[PDB]
Structure formats: C-alpha cells, structure tokens
Amino acid sequence: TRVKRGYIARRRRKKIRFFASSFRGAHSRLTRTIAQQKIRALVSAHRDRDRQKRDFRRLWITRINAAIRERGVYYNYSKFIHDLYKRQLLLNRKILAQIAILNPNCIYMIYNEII
Amino acid sequence: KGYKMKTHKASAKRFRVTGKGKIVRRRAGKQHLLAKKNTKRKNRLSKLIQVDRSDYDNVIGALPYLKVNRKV
Amino acid sequence: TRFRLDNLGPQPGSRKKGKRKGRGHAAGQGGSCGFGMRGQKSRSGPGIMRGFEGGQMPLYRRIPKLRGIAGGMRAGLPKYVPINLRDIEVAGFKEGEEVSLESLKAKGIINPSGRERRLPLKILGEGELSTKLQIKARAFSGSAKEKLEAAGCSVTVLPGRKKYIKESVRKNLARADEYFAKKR
Amino acid sequence: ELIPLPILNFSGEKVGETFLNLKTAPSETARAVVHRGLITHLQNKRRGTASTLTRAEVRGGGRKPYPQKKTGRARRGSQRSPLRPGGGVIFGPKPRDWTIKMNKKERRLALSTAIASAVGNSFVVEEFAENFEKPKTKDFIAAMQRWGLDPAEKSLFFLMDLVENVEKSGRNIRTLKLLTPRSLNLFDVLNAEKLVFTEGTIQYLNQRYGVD
RNA sequence: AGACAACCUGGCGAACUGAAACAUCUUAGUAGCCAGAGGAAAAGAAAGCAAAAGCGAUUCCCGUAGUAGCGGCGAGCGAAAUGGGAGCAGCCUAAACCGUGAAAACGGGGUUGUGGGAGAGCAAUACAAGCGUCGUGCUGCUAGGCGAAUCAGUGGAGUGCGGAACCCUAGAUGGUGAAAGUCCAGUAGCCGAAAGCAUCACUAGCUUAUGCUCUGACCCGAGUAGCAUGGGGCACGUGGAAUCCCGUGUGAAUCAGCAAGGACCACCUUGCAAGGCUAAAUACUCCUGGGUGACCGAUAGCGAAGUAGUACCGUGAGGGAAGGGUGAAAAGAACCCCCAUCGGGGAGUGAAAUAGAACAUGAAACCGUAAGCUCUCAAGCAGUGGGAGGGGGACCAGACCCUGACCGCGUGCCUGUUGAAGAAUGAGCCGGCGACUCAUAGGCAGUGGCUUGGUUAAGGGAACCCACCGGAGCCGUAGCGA
RNA sequence: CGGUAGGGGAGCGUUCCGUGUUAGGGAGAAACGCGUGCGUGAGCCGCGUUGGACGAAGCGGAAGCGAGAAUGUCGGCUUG
Ligand SMILES: [Mg+2]
Ligand SMILES: [Mg+2]
Ligand SMILES: [Mg+2]
Ligand SMILES: [Mg+2]
Ligand SMILES: [Mg+2]
Ligand SMILES: [Mg+2]
Ligand SMILES: [Mg+2]
Ligand SMILES: [Mg+2]
Ligand SMILES: [Mg+2]
Ligand SMILES: [Mg+2]
Ligand SMILES: [Mg+2]
Ligand SMILES: [Mg+2]
Ligand SMILES: [Mg+2]
Ligand SMILES: [Mg+2]
Ligand SMILES: [Mg+2]
Ligand SMILES: [Mg+2]
Ligand SMILES: [Mg+2]
Ligand SMILES: [Mg+2]
Ligand SMILES: [Mg+2]
Ligand SMILES: [Mg+2]
Ligand SMILES: [Mg+2]
Ligand SMILES: [Mg+2]
Ligand SMILES: [Mg+2]
Ligand SMILES: [Mg+2]
Ligand SMILES: [Mg+2]
Ligand SMILES: [Mg+2]
Ligand SMILES: [Mg+2]
Ligand SMILES: [Mg+2]
Ligand SMILES: [Mg+2]
Ligand SMILES: [Mg+2]
Ligand SMILES: [Mg+2]
Ligand SMILES: [Mg+2]
Ligand SMILES: [Mg+2]
Ligand SMILES: [Mg+2]
Ligand SMILES: [Mg+2]
Ligand SMILES: [Mg+2]
Ligand SMILES: [Mg+2]
Ligand SMILES: [Mg+2]
Ligand SMILES: [Mg+2]
Ligand SMILES: [Mg+2]
Ligand SMILES: [Mg+2]
Ligand SMILES: [Mg+2]
Ligand SMILES: [Mg+2]
Ligand SMILES: [Mg+2]
Ligand SMILES: [Mg+2]
Ligand SMILES: [Mg+2]
Ligand SMILES: [Mg+2]
Ligand SMILES: [Mg+2]
Ligand SMILES: [Mg+2]
Ligand SMILES: [Mg+2]
Ligand SMILES: [Mg+2]
Ligand SMILES: [Mg+2]
Ligand SMILES: [Mg+2]
Ligand SMILES: [Mg+2]
Ligand SMILES: [Mg+2]
Ligand SMILES: [Mg+2]
Ligand SMILES: [Mg+2]
Ligand SMILES: [Mg+2]
C-alpha cells in the first residue's frame, strides 16, 4: 500500500511558521530558516527567563542604593542591609525599590526607625 | 522451501557436546616434536577440556544445529 | 454476543511494535541507525565471516580435529532403543501384559521415527519392578537380568536378524565346534 | 448449564428447552485466544497482489549517463535509479504469501468459547425442511418474524444439511447466512447478532467440543 | 524453408566476484551467442535399488537433511535408501528357424529373466480384452431470447432524507443530472443452433492376443564391453575411486554365460547392456475468457491514461521524453460600447461565469496593490527578556492582537573531529519523490495452547479463507567412547 | 531526574482493511485557511462569506508510513 507524504509536513511547518510572525527578511518566509531560528528563539527565551531574575534584582539594588545616599553622608546600601537583619526586618529588594519611587516618605521613616 | 542454515564443518570437526550441553575441544601441540616435551606436559594436552566462555559467540554462530546449554 | 469483532484485542506484552530505524533521533536509534561512525560493520552488505579474527588464525584452525573424525571414521550411533526399568513401572501394566515395541507405542512412552523405527528394544535396568510381567525384547543388560529374574518375570530374547555366511567359513567354525565339543 | 436455551417450533410457540456445555478458555485469556484466531482467519484470506519493480526490472538504465568527474553535478550511475522519477523502488511490495500457522486446539478452543458466549442471544428451533415444498423468500422471512427475528440485523442458522428448497430461500438475503458443519467458521459467529440451532447440532456440537 | 514472450532440449561456454590477496576452488555448466522443437519438452518399461528382509518404469512435492560425505579438510559444496503423497501404461523390433531371392532384401515366426525362444511331440488354443477410417446421436463452445417488484414532497438534478408500499430461485455488477433490490442494461432461473469445432457413446472389419512334456546341441543386438593411456562428469577436487560418458591404441564371452552390488578376489543375491516408441502428475505466459485485490490513482502504475517506442539525439547498434480533470447538459456567450485584430466591460445562458474556454479543488517559494505603526548619527546570525509612544476589535478591557524609542544577553544548521561561529564539508529557494525492508532457516526473550507428551508437512478440502481429514516425519525421554 | 556514541521503556500521527452499505454528510464531506481552547511533546479538539461529495471516532490489524541536508532528485520560481 502506497502512502504519500500528504499534509503532515504542511501542518507541521505552519505551526513552525506562525511562531515566526515578526521576524525580518527570509527568517519569516523560508521553512529551512524558520526551523533554524525558532530553535534559537526558545533557547534565548529559556536563557533570558533565568537571567530575568538576576536582572530585576540588579535594577533594584541600584534604585534602593540610589534612593538612600541622600539621607546620610558616608552612608550607603551595604550599611542599610546590615541594619535590617540587626533590627530583624524581612522586606526584600522588590518592595523597597518600589516604595522608593511610589511612597518615598516611607523609607525616610524606615531610616528613622532603624536609628 | 528455500534456504536452510548450513553447518560449519571445519568447526564441527573440532567441537562436540557433552550430555548436559558443554562444548569441548582438544588441546594443541601433540602432533610433532614430542621428544623435547615432558610427560607431564604431554598428558595435559591429551585430555579433553571445556572451551572458553568468551569464544562461544563464534562457535554457536557457526554451528546453529548444535544443541548446548549456556547455563552449565 | 459478548465477544464481537469490535471488543477484542491481544494480550499485553505479546505483540511488540518493532524498531523502525532511521526515523529521527527521539525514536531512540538515531540517523546512523545504531551502528556508530563509519566502519565495516556499518556498511550495506555481508559482514565478516563468523569465526573470522582479522587474519589471526581462528580457533577452528589452531585446534586439532576430534579423534576418529579427522580421517573419516564414522561416528557411532545408537544400536538399540534404550528404555530403563523405571519407565515400565510408570506405564501401568498388570501381570499378564508383555513388553514390546508395539505395546509401548500404544501407551505413548516410545515414539520413534525414521532411523529409530528399524531398531530392536534393549532393557537397561535403572529402577525397580514389582509387577511380575513378561518381556519380549531383543537384548538385556547385566543388571536387568538380575532384577527381572528376581521379580519372577519371563524374559524372552528375540533371535534378531541373520547374517549371511560363506560356505567354507561354516566349515572352519564347524571344525572348531567339533573340536571343543568332542573334548568337553 | 447456566442458561438453558429454549426450543421453538415452526410456529412462534415454545416446546421445550435444552443447553450446551462447551469447552471455554478462562476469563484471563479468552479475550486473547479468540483474537488470535481472528487474525489468522483474515491474514490467511488476504491475497498478495501488490507488486512493484526494482531498478533491475524497470526498463532502461544500464548505461552511465555522464562520467564520474569533470562535471559540476552529483554523481550518477543510471537514469532508472530510485532517486529519480520513473526509476526503481527501494524495498517495495512484492507478491507475498501471508499464510501463517496456528495450532488446531487453539483454533478449536477459540471457536468453542465464542459460541459459549452467544448463549444469551441464541436459541433452538425444530426442523422445517418439509414446510418448504418450493423455494420462497417471502415465507422464509415470515418464519423469522414469527420466531422473533428482524431481517434488518445479522443472524445465523446452523444446521446439519441445507436442502435445496431451503438454501434458495435465504440465498438472496444479505444479513441472514446459512451454515453447515463444513462451512462453520469463526468470522460468522462473532459478526452475527443472534444464533439459531437445532436438536441435531446441539448433539453434534457438544460431542466435538465437550468438557470431559 | 521463415516467423514465434517465456518455459524445454542440444552445442560453444565467460568475467567481475567469494576465499577478506591469489593460481586448486567458488561465482558456474550461470550469463550470453548459435541450432532445434513442442504445448509442454526431456526422461522412461531395470545388464536397476537393496542387503539375507524386501521393493518392482519414468517424473514431481513433503521428508530423510544441511545428515553421510567431498574440500589449499580453506572458502564453501552436498547426496541416497527406507517412509509419506500427486499421478499411473506399458508396447514394437534384431537374431535362431520356415518360405521367397544371385545377393541386398520381402513375408511368417518371436521379444523374455526364480531364464525365455527356436527345435520336435501332445494337446483345443484365441467369444467375451485392446483397437476401430462410413458415419449416428449425447453433452458443451462459437450469435441470442424470456425475465418479478414504487409513488409523492424536499426550489439546478433525488438513487439520499422523512413518510407510505412491493418483489426476491433475482440485495452479482455497470450506468442513470445525486449514493438505486423495485428507472435502464442486467442478474437468479429457464429456453435456444442451420453450419463449424471439441469431449464422449455406438458402428464396419481387418484386427495384437491365452496351456503340458522331451532338449544341459541352435539363437540372446561386437570392433561392443573390458584393459592400457589421456580427460570429462557423478554430492564425491585421483583419492582405496567403483558406478556413468568420450578421444587414441588394443580387444572378449553367449545362460555350463555376462554385468552390477564404491579398488580387487571368493561365495551368495539381483539384473540381462551394446535397437526403438510411449499419455498423465511437472515448468512458462507475447496472449484468450471469467473472477478476486488490507495493488497504483497522472513525479504513481507497463517506458507509454493524447499521432509512445512517437517527438528528439546518434553514421549505426542503440538510447529515449513530456503534456490528464469547464459543465448535469455547449445552453461555448445574440446584441451594444472600446474595437484593425487579440483582449476586455455590460447583456443574456446556467445552481454557480467571482465554472468563460490558456476555464475543476488551487498550498509554498516568487512578483505585487492598499491600509495600521515605523527607520536616513548608524553597528547588526537579526532574535529574545524588559516595553516608551501610537494603533486595532461582535466575546469585552487591570485582558488580547499589531507596531517597537531604548538597555541588556546572544559566536547559523547538519556532517564530523583531540577540538569547528569557524576562513573544513554540504545546501540558490519552494513543493513533491527519496534509505536496515523482504523470504527462508538458527538462537534468545515476551504471550498463548496442550501436557492423558507436543506437533503435523506435502496433499485433499463448498474458488480461496475455512469445517474435517492426513502422524510419514521432527523435537523431548541415556549417556561414555575414535 | 546534565548527557554524544549507544541500550531499554512508554506513546502520537499518516494511508488502507475488519466491525461497515457504521455514525454523520448539498441544512455542505474530504481538503484548504484559521484559533485568547487542551496536552510533557509528536499532536488533539474546535471555527469558517473558501470548497462542492465523501466518510470519522471507538476496539483491533497491515504497511511503498513521518525529511532540512546525500556537489541528492523532478518540476516550478528568484538572485545576479
Ligand atoms: Mg540566582
Ligand atoms: Mg542427552
Ligand atoms: Mg542517543
Ligand atoms: Mg540528522
Ligand atoms: Mg546498535
Ligand atoms: Mg556518516
Ligand atoms: Mg564500529
Ligand atoms: Mg562489503
Ligand atoms: Mg558465508
Ligand atoms: Mg599472517
Ligand atoms: Mg558420540
Ligand atoms: Mg539493468
Ligand atoms: Mg552494464
Ligand atoms: Mg515506475
Ligand atoms: Mg525454422
Ligand atoms: Mg576467476
Ligand atoms: Mg577475492
Ligand atoms: Mg576481497
Ligand atoms: Mg510453437
Ligand atoms: Mg492442454
Ligand atoms: Mg501437463
Ligand atoms: Mg517425449
Ligand atoms: Mg524418448
Ligand atoms: Mg525378417
Ligand atoms: Mg426488470
Ligand atoms: Mg424520488
Ligand atoms: Mg445467466
Ligand atoms: Mg539383450
Ligand atoms: Mg572416479
Ligand atoms: Mg565395470
Ligand atoms: Mg562390495
Ligand atoms: Mg541388479
Ligand atoms: Mg508515467
Ligand atoms: Mg494531482
Ligand atoms: Mg474557484
Ligand atoms: Mg485551476
Ligand atoms: Mg556622531
Ligand atoms: Mg535619527
Ligand atoms: Mg584535524
Ligand atoms: Mg567524538
Ligand atoms: Mg561553512
Ligand atoms: Mg578549520
Ligand atoms: Mg575547502
Ligand atoms: Mg556550496
Ligand atoms: Mg536538497
Ligand atoms: Mg527540497
Ligand atoms: Mg516516502
Ligand atoms: Mg521511506
Ligand atoms: Mg542489517
Ligand atoms: Mg525464527
Ligand atoms: Mg508454553
Ligand atoms: Mg493443509
Ligand atoms: Mg489449497
Ligand atoms: Mg537524563
Ligand atoms: Mg543533576
Ligand atoms: Mg480520504
Ligand atoms: Mg455534487
Ligand atoms: Mg474504523
């Protein structure tokens, strides 16, 4: 019994093609390239989601460090964290970084409660 | 109907089977130049002996109609 | 009906699928079909002869031939249909029955075929017999005579097949037969 | 034994009841023994008519079209290669003998346990060969209606001998299928919705497929 | 006379290859060439197998058995008897002698193996067996005929749907605007042949044809067998090498004999060479009729679904393509405008013209039009995680899709390597075709059946499948030893 | 519970056959094109101003069965 390839190669490649919507040039038009790039996109996505966690953290240190140098001279981020664990606080970088922008008056009180 | 497995006769003339299924051979070196050999050495070669475990893969592949038992 | 064309199926573990090599890597056997990189075992054709050892003298040449088989001496085959004494006890015979080839084939113990058909019957004597029946066999071993005669059985050795003898050969035997007979 | 079959007459009334005690495979494997006997019935039935042509059997070829080198193109040995249209076929089908072997006692056991399962949807009838002096499908259908059957669904009549007047009265119907001990098969038993027997077949069927 | 696909017979007769080289060997008495012949051919009616018990022409299948053996004892090659089935058929001549002839020759006589004929003498020899030309019928083939049962509605068409009926010895197929047991052709069943062919039966009348004693007198297929030598082929490579067939040279015997039984001798058994014919079982398909497909459906299937072995190429042998689908029905588009044609726009046809002929469903690469966001201080395997500003929609909206100011990260894919983004290999792109399969055996595992040990093979089997037979054989029940 | 060669285990899908003149289908099948749905994934389930007649699922079976590469290959179409 003879069996043509049929349509399984077509319906497969449409799923591979639909993922390549906004790609420029021949990376959205040629099947032998979209399969070559669709592989690369997910690896880059799986890699970024691991880097996604360290990146926002890296941004929160700057914002918290940037928002606290104004209070005291010869004072800095590293001294602020050492006092929280001394005072037995639990707040993380996410909450402190967002309060620094959204309710800056709170950190001025947190600095006072520590001292 | 058609093709049947053939026995490798040069191997059949050099290997046989015991009652349980052990393969055996004759030890070599007892056809010429026996004077320089001691009776202890010539006695060792005269006796039969079981064939090495590693070589059955070649013997059985050549002797398909040769009943054996690998578990003994 | 309970059973029907659309409610049957095989027993699990009885009908495996079968490896279709060369149909991707996730299937298990890869594109190379499980033969590694380029070599001789990976080629499309007959391989090395079983026993070949890369030019080294194989084991079927550096070993002498069996005794007798080397020159052409014929191997010794069975001359009789051996049956031990214990098997007769299991057959379930009574005082009156005999023991021959035709009797045992009826029970199903002895089932010869081909070469084994044209053989007599021999008794060996490994067992015990406590039924006191008669025998119609060809030959007997030493232990069998001691056991059967002790059990009150009735043995009967058959004459077997005759061997043709040249005329003058009978006279030399008759010469010796007359010699021993007249003296003893 | 457990489900005694009732007997019917040429009319729609009852006259008695009997049973049939056949050899049945155990429930742990009866579903598989019947399925093994069903494949071989069909795998022996199929005909190896598929055939193709290899590169040696296809017409043409033989000549090397262009030399091995000094040409900027992939090597080639013959135009009638599988890697070109109109060429050979790699490992294509050929006329095959699909026939396999199955032990008798397995095929016989698969047949017994199948009939022993259709007891709840079967029954027995008396002889009616004399009631048909001439072939007539109209009267034959009326008899099935009076016995409680539907010609729309499948059915099965198993009897000793199919006389001429009776076999012509069901030869035209597609659903109804008449059988004899020689024409008895496994395929028809499982396909039929309702079975029918006679006093002679219950005797013949019990002795050939007893439980002793 | 020549032609004739394959099978068959005869003659000549390779090589690559395998042996991991190669010459003995294998490939192989294959391929191909030549010759011949038939629907089959060839073989074939014991100078035979066998072994002390028996079989009774040849051929084919199962099995014996991958056994006994052969073999640089390497690769590899490979029996036979017994047994089980298919299918069964046995006949005509030379010679002794008697007549006819110068001879050659004609007629009669005879044809066998526990020996038979001739020869003579007795009987009784042949009706019932095998043949069978005039022709006479039987049955089939080569043209055909009869042949049961339905109406309406469903908006292109009703065989479908819903509803109501009918036939069936006919629910096999194909066709019909759309899928049919009841519309058509048909099928079941029945009928039918002047003429021709074939299978059978009958019929001439000549026809081949039936037994007991006497004899060890006359015949038993000659340049043959055998031997010596050189070779071939038998499973068996000169080996102890028989058996069978040839070249050279030699060269027997006639039943009181000869050959064979694996050197040879002896004994016994079996058989009667040197003349010939013969049906069936068996092998093949350029073809014919019927039937069936877990066969293909226009890159498939025969190379060929169209003027295919055409077009085209080649001095020639020879090689060798491609091109399928309007519609139920051409009703193939009157007429008007553009108009030199082609072609297009309306009209009209049609269920559909956005089916309009270069016309059926019409994917992708590729070439484009329009709309929404958007780039001219940039830099980058082109994306990804963040997501400014703007835009969008039958569900809703803290959602979703499109666009992407700017930051960060990120060294194409396979192949294959100690290691490749690699300036190592391969791919111009898209789509299709395209690769561990098949048969038969060995071993192992899993599952199943039987275990009162198991199982059949060929071969039969309502066409096959299949019910039921078929136990010959094979495996397992004693090993040790050359 | 990283993993190449390589081995084992469990599954998806294609075309065809059995149930099958199946269910369903000019009240629009196959196909094609789509999707705020589901799954570990191969894929499934659904939708339609396309299409115009076929044909699942389920329990099972068989293969000319899954392509991105072979200076592959046929046809079509680009670049220059
Ligand atoms: Mg971390
Ligand atoms: Mg043993
Ligand atoms: Mg792997
Ligand atoms: Mg690959
Ligand atoms: Mg492997
Ligand atoms: Mg490779
Ligand atoms: Mg290797
Ligand atoms: Mg090779
Ligand atoms: Mg080999
Ligand atoms: Mg060496
Ligand atoms: Mg031995
Ligand atoms: Mg060729
Ligand atoms: Mg050639
Ligand atoms: Mg082809
Ligand atoms: Mg001629
Ligand atoms: Mg050669
Ligand atoms: Mg070689
Ligand atoms: Mg070589
Ligand atoms: Mg002819
Ligand atoms: Mg004929
Ligand atoms: Mg014939
Ligand atoms: Mg002939
Ligand atoms: Mg002849
Ligand atoms: Mg004469
Ligand atoms: Mg009619
Ligand atoms: Mg109607
Ligand atoms: Mg008819
Ligand atoms: Mg003679
Ligand atoms: Mg010889
Ligand atoms: Mg001789
Ligand atoms: Mg001898
Ligand atoms: Mg003889
Ligand atoms: Mg073609
Ligand atoms: Mg097409
Ligand atoms: Mg269209
Ligand atoms: Mg078109
Ligand atoms: Mg600048
Ligand atoms: Mg700018
Ligand atoms: Mg290197
Ligand atoms: Mg490596
Ligand atoms: Mg490169
Ligand atoms: Mg390099
Ligand atoms: Mg280079
Ligand atoms: Mg390149
Ligand atoms: Mg390519
Ligand atoms: Mg391609
Ligand atoms: Mg393919
Ligand atoms: Mg393939
Ligand atoms: Mg292989
Ligand atoms: Mg096997
Ligand atoms: Mg078992
Ligand atoms: Mg059979
Ligand atoms: Mg048959
Ligand atoms: Mg792992
Ligand atoms: Mg780990
Ligand atoms: Mg389809
Ligand atoms: Mg239509
Ligand atoms: Mg189905």
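For this deposited structure, the header cites cryo-EM as the method used and 3 Å as the resolution.

## Observations regarding the packing of helix α4 (residues 93-102) of chain A against helix α5 (residues 104-114) of chain A
A pair of packed helices is characterised by two quantities: the angle between their axes and the separation of those axes. All names here are of chain A. At their nearest, the axes of α4 and α5 sit 5 Å apart, and the two run at 120 degrees to each other. Compared by their axis directions, α4 and α5 come out oblique. On the side of α4, the interface is formed by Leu96, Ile99, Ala100, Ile101 and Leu102, while α5 contributes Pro104, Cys106 and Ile107. Of the residues belonging to the contact of α4 with α5, the class tally is eight nonpolar, no polar and no charged.

## Considerations on the pairing of strand β2 (residues 23-26) of chain B
Residues and elements named next belong to chain B. Bridge analysis of strand β1 (residues 16-17) against β2 gives two bridges, and the strand direction is antiparallel. The residue bridging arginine 16 from the neighbouring strand is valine 24, located in β2. Two successive antiparallel strands, β1 and β2, enclose a turn made up of five residues, where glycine 21 displays a positive phi of approximately 130 degrees. In this sheet, strand β3 (residues 48-50) lies alongside β2 in antiparallel orientation, the contact comprising three bridges. By the bridge assignment, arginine 25 is partnered in β3 with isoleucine 49.

## So, the interface of chain C and chain B
On the chain B side, the residues contacting the 14 residues of chain C number 16 residues. Here chain C and chain B share an interface that buries about 1500 Å² over both sides, 63% of which is from carbon and sulfur atoms. Ranking the residues of chain C by area buried against chain B places C:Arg50, C:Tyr60 and C:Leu66 at the top, with a combined share of 38%. Between chain C and chain B we count zero salt bridges in total. The tally of links between chain C and chain B comes to five residue pairs in polar contact.

## Points about a nonpolar patch on the surface
Among the surface-exposed residues, A:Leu89, A:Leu91 and A:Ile95 lie close enough to one another that they form a single nonpolar patch of about 230 Å² accessible area. Relative to the helices and strands, A:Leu91 is located in the loop between α3 (77-87) and α4.

## Topic: the sheet that holds strand β2 (residues 14-18) of chain D
All names here are of chain D. Taken in spatial order, the six strands line up as β2-β1-β3-β6-β4-β5 in an open sheet, and their pairing is mixed. Each edge of the open sheet carries a strand with a single partner, namely β2 and β5 (178-179). Here strand β1 (residues 5-8) runs beside β2; their pairing, made up of four bridges, is antiparallel. Pairing of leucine 8 across the sheet is with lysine 14, part of β2. Here helix α3 (residues 137-147) sits on the sheet and contacts β1, β3 (122-125) and β4 (156-158); the angle it forms with β4, its principal contact strand, is near 95 degrees.

Cut-off values and rules
- Residues numbered from 1 in each chain as written, not as in the entry; some residues may be left out.
- Chains lettered and ligands numbered in written order.
- Part of a larger assembly, values for the part shown.
- Heavy atoms only, no water.
- Axes fitted to C-alpha atoms, helices over the stretch in contact; angles between N-to-C directions.
- Helix = DSSP H or I, 4+ residues; strand = E, 2+ residues; numbered from the N terminus.
- Parallel < 35°, antiparallel > 145°, perpendicular 65-115°, else oblique.
- Contact = heavy atoms within 4.5 Å.
- Nonpolar A, V, L, I, M, F, W, Y, C, P; charged D, E, K, R; others polar.
- Pairing = 2+ DSSP bridges.
- Buried area = accessible area lost by both parts, 1.4 Å probe.
- Salt bridge = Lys/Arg side-chain N within 4 Å of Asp/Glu carboxyl O.
- Polar contact = N/O pair within 3.5 Å; in protein donor to acceptor, adjacent residues only side chain to side chain.
- Patch = residues over 30% accessible without salt bridge, like charges linked within 9 Å, V, L, I, M, F, W, Y side chains within 5 Å.
- Areas by Shrake-Rupley, 256 points an atom, 1.4 Å probe, with all protein chains shown as cover.

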